[PDB]
Amino acid sequence: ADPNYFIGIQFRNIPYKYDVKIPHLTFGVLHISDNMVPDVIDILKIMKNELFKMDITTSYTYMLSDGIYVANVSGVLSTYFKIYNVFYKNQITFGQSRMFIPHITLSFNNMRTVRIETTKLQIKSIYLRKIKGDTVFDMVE
Ligand SMILES: [K+]
């Protein structure tokens with residue numbers, strides 16, 4: 001019953017240098033059977049307006065753990081609560097193991113904090129992907 005799917009968000013802009021291929025926010029983590037993907041997609045579609053209304057911002061980078069350098073993310077709390085609650089009610093396992101500490105990993109290196117003026121991260125797309133697997137759904141505004 002290990003986490004096996006993520007809901008990710010990719011962005012039009014990232015105001016920091018980074019070494020990862022494509023920076024993303026892991027917004028949510030799921031444990032599901034593959035045949036539940038349509039149901040998860042249905043919920044993502046129902047919540048599409050709400051998700052794309054999020055005002056995601058960033059203002060500094062930091063070390064989250066040894067060798068994990070990340071950008072902070074703000075603006076996703078209330079929407080996280082809503083989607084958490086919808087999945088919970090629907091008996092779809094979501095956010096049962098993942099700490100809520102929104103961040104975007106930038107590099108696997110020990111690096112100093114950079115601070116910028118608060119910057120909005122424009123959402124490029126929101127997707128559902130198998131952990132260490134393929135993206136099975138992607139939506140744009
Ligand atoms: K807990």
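For region 1-53 and region 67-141, compute the distance between their C-alpha centroids and round to whole Å.
Comparing the Cα centres of region 1-53 and region 67-141, I get a distance of 7 Å.
As I understand it, the value is the acute angle between the Cα axis of helix 37-46 and the longest principal axis of the Cα atoms of the chain; what does it come to in degrees, rounded to 10?
Roughly 70 degrees, rounded to the nearest 10.
Choose one of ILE41, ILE14, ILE116: the residue whose Cα lies farthest towards the positive end of the charge dipole of the chain (beta-carbon charges +1 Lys, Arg; -1 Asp, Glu; about the Cα centre).
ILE116
Can you compute the label reach from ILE131? Point 7 Å from Cα along the Cβ direction, backbone N cut-off under 16 Å, restricted to region 65-85.
The answer is none, because no backbone nitrogen lies closer than 16 Å to the label point.
Where the only charges are on Cβ atoms (+1 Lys, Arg; -1 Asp, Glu), what is the dipole of the chain about its Cα centre, to the nearest 20 debye?
280
Quote the FRET efficiency, to the nearest 0.05, computed for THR118 versus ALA1 with a Förster distance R0 of 35 Å and r equal to the Cβ-Cβ distance.
On the way: r = 38 Å, r/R0 = 1.10.
Calculated value: 0.35.
In terms of Cα to Cα distance under 27 Å, which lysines are near enough to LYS130, apart from those fewer than 8 places away along the same chain?
List returned: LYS17, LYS21, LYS45, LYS48, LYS53, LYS82, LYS89.
What Rg and what Dmax come out for the chain when only alpha-carbon atoms are used, in angstroms?
15.0, 43
Read-outs: derived from the displayed coordinates by stated rules, not from any lab. Neighbour counts run over all protein chains shown; Cβ positions are idealised from the backbone, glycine included.
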